[PDB]
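[1] 3D model of this:
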Amino acid sequence: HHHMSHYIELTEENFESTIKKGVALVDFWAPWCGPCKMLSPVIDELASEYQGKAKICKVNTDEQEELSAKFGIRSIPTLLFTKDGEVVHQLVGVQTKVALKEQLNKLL
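    Residues are numbered from 1 along each chain as shown. Okay, here it is:
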């Protein structure tokens, strides 16, 4: 029984085409980051709850240095909200599920 991934792993190759259309939430994280691991289950739940309605994505900053530099990530967790390929909000820290849902719904 492996771990299940409801989220979309983003990379330099697939980033632009993945968020080109629709509403996306992008979680910049790293496997050594305590607050990132605290935020991870909320991203799993949102990815499942918003399946087919919004793109819930993750960027591993250890593996995607060019993407994190592209958005000026200096701290993680960083949560990025995009609509139709354009950045709308960029939040830092262990955001609450409620606040993330509301921001998603507003964009939807």
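[2] can you give me the helices in this protein?
    15-19, 34-49, 65-70, 97-107 (DSSP state H).
[3] Rebuild the ones you listed as a markdown table, extending it with mean neighbour count.
    Any C-beta I mention is one placed from the backbone N, CA and C, and that applies to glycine too. What follows is the helices of the chain, written out as a markdown table (neighbours: other Cβ atoms under 10 Å):
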| stretch | mean neighbour count |
| --- | --- |
| helix 15-19 | 16 |
| helix 34-49 | 16 |
| helix 65-70 | 14 |
| helix 97-107 | 15 |
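[4] So which of those helices is nearest residue 2?
    Taking Cβ to Cβ, helix 34-49 is the member of the helices of the chain nearest to residue 2, at 13.6 Å.
[5] With residue 2 as the reference, measure out to the residue nearest the centre of the chain.
    Nearest to the mean C-alpha position of the chain, counting by Cα atoms, centre = their mean, stands residue 26 at 1.9 Å. As for residue 26, its distance to residue 2 is 24 Å (criterion: Cβ to Cβ, to the nearest Å).
[6] repeat for residue 30
    21 Å.
[7] and if you look at residue 51?
    18 Å.
[8] In terms of neighbours, single out the busier of the two.
    residue 51 (11 against 4; other Cβ atoms under 10 Å).
[9] Give me the phi and psi for that one.
    Dihedral pair for residue 51: phi -60, psi 130, per degrees, to the nearest 10.
[10] so who does the residue nearest to the centre of the chain touch?
    10, 19, 57, 58, 59, 79, 80, 81, 82 (Cβ atoms under 8 Å, 6 or more residues apart in numbering).
[11] contacting residues around residue 38?
    residue 94.
[12] Residue numbering should commence at 3 henceforth.
    All set: I'll call the first residue 3, so the last point we hit is now residue 40.
[13] Distance check, it against residue 106.
    20 Å.
[14] who touches residue 49 in this structure?
    8, 9, 10, 58.
[15] What distance do you get for it to residue 71?
    25 Å.
[16] Against residue 64, how distant is the closest residue to residue 91 other than its chain neighbours?
    Sequence neighbours aside, residue 83 is the residue nearest to residue 91 in space, at 4.4 Å (criterion: Cβ to Cβ, 6 or more residues apart in numbering). Distance, residue 83 to residue 64, using Cβ to Cβ: 23 Å.
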